[PDB]
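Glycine gets a Cβ as well: all are built from the backbone with ideal geometry, and neighbour counts include every protein chain shown. No value in this document is a laboratory result; all are computed from the given coordinates.
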Amino acid sequence: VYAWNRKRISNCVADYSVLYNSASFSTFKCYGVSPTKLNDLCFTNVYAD
Amino acid sequence: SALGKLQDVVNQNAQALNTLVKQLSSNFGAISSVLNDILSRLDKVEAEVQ
Amino acid sequence: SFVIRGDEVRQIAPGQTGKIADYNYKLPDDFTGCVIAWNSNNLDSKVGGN
């Protein structure tokens, strides 16, 4: 965590419903957007830290 | 400058409408001033607070 | 009244989503009521599985 790794996400189609309904996750929270609504949006970029 | 009394009445009413329109761009503490940002970003219970 | 796994108790609330809230049991956004839940591993679990 002292050297956290950032991945730029671009040029692509996501599915955040597949993420937030995944059995893999023990906690999931969102800010400035609500997770139910993410599949209706677009972004100039996404970054994963 | 002779008709300044009548021009002042035109100017005050234009100033008041221009102020009323520009106040639509204010957040008032919401995440956005654009009502369609709030409705496209958030679900009902979170949107109604904004 | 019903049985769910301990992870899913969060979905038994007004305004939620997920396979229980979406496909099994939905509460309205203006729900008036109480949600009551308790662990039943002493009754509803079995060795080799229930």
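Quick check: the angle from helix B:4-22's long axis to the longest principal axis of chain B, C-alpha only, nearest 10 degrees?
Taking Cα atoms only, the helix is inclined about 10 degrees.
Any chance you could list the semi-axes, whole Å, largest first, of the equivalent ellipsoid that the Cα gyration tensor gives for chain C, using √(5λ)?
Working through the eigenvalues yields semi-axes of 24, 12, 8 Å.
Quick one: putting +1 on the C-beta of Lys and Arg, -1 on the C-beta of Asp and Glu, what dipole do you get for chain C around its Cα centre, in Debye to the nearest 20?
Using only the charged Cβ atoms, the result is roughly 200 debye.
Give me a comma-separated list of calculated 3J(HN,Hα) values for region A:31-37, in order, Karplus coefficients 6.51, -1.76, 1.60 applied at θ = phi - 60°, integers in Hz, x for any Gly or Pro.
Taking θ as phi minus 60°, the curve returns 9, x, 8, 10, x, 4, 9 Hz for region A:31-37.
Gap in Å between the Cα centre of region C:14-50 and the Cα centre of chain A?
Value for the Cα centre distance between the two parts: 27 Å.
For the protein assembly as shown: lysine pairs with Cα atoms under 22 Å, gap of 8 or more or different chains, count?
So the count of such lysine pairs works out to 10.
How much FRET efficiency would the formula 1/(1 + (r/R0)^6) give for B:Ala30 and A:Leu41, where r is the Cβ-Cβ distance and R0 is 22 Å, rounded to 0.05?
E(calc), rounded to 0.05, equals 0.75.
Taking the Cα centre of chain A as origin and charging only Cβ (+1 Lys, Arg; -1 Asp, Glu), how large is the dipole, in debye to the nearest 20?
Roughly 140 debye for chain A.
How large is Rg/Rh for chain B, to two decimals, with Cα atoms and a Kirkwood Rh?
Using only Cα positions, Rg/Rh for chain B is 1.35.
What percent do you get for the relative contact order of chain C when only Cα pairs under 8 Å and 6+ apart count?
Result for chain C is 27 percent.
Do the sum for chain B: with -39,500 (n - 2.57) for every DSSP H run of n ≥ 4, divided by all residues, what is the mean residue ellipticity at 222 nm, to the nearest 500 deg cm²/dmol?
Value at 222 nm, helices only, nearest 500: -17500 deg cm²/dmol.
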